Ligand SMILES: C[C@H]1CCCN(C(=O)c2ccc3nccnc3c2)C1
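So this first bit is one chain, no partners, the form solved without the ligand, shown in structure tokens.
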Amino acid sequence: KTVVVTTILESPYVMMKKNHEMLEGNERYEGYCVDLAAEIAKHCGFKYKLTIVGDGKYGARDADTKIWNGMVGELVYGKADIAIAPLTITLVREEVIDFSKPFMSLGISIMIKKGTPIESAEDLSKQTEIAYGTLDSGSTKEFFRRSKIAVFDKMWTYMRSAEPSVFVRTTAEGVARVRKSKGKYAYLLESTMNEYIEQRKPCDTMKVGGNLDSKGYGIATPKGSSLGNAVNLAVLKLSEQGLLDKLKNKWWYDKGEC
């Protein structure tokens, strides 16, 4: 059977090619995760179809209804066979789906417009002039919501009650907000996305401070799926043969505009 791959439009993991309308199937997309999928499938010996997650989300469990949305949801409810995306390995997710060893490392980080008077999370927490928020429905939000650390609980306390909302529906929305707010908004997002955007025109944002945590993205499959074994091994192999580092440079730094 052809493996259904759920993924998500997020630069530079997966992007529409500048001419997709004249192309079909997997050929419409490009990016780090597009390249990885081809490699995973070749080594694991399967055919596959990339499909963009319907609700444009990563995956969260609705408190009350207990329904999972996003890519996680499509794996849990049987819509997809595998997720190849910047999907963060987390405990609540590991409880309902299987993750391979990480194919890329990241930490929550701070994006500012250049010249913004901010060096750290502690800095953000001690003031109110500069607003700050995170993506919706993602691991970054949950990090803050669940945190017992001082600086982080205070930040959550501010963020949850800020109005207008400091949360964004997409990474692009967050970046645009930083860019348009003249230094009055900072965005909390994963280091990988932060570093990509830092290398893109108009070159007006930067990552500041150390990361808030340390984790990674994993390739995910439905709990107990037979795919898991092969896919995990393929990730280790590709990692050892230098493919992942090659892809990272290809899509982040080789392209560099700044």
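Residue numbers run from 1 along the displayed sequence.
Below, we refer to the form solved in complex with the ligand, which is not included among the displayed structures.
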Is residue 76 part of the interface with the ligand in the bound PDB entry - any heavy atom within 4.5 Å? no
Applying a 4.5 Å heavy atom distance criterion, does residue 147 contact the ligand in the bound PDB entry? no
Give a yes/no on whether residue 131 approaches the ligand to within 4.5 Å in the bound PDB entry, heavy atoms considered. yes
Against the ligand in the bound PDB entry, would residue 120 count as a contact residue? Criterion: heavy atoms within 4.5 Å. no
With the partner left out here, which residues of 1 to 37 have a non-hydrogen atom within 4.5 Å of the ligand in the bound PDB entry? none
